């Protein structure tokens, strides 16, 4: 179980619903992290897309605590993310794009994030279906759940979820 960390986020992040819900005041992407740090075991969580207006690229994944908070997740070397619009996703890390996958998100979609620190992998799901191949492998160290979004998106966190 974790929530959004109100002390982790860019100041433009807006938390609500006992810190289970996030949006942003900015049209620029801003980061917020979860209250959990993972270093072992297998973790799965979901983000429900409460609101998706226009054509933004919210991003979902995991990060080091020192991730830059005022840019899309995966623009620096401290986050591993899937960014996704209404049409398609990309995987991003270190501002490098891999594995474009057709099929995106919309209001009512769910994004699932599977951080497997036994196998050292990060895998994404949309609406219960794996999105692309395993996104990143040989992932090591300590990760916090991460989100970036702007004012065109609102997401609600669902945690304490059984691994599929």
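Residue numbers count along the first chain shown, from 1.
Higher average CA B factor: 6-14, of the stretches 149-157 and 6-14. According to the PDB record, 33-41 carries the higher mean C-alpha B-factor of the two stretches 33-41 and 120-128. Residue-level inspection of the entry shows that, of 139, 62, 59, 111, 139 has the top Cα B-factor. For residue 67, the recorded CA temperature factor ranks within the middle third of the chain's modelled residues.
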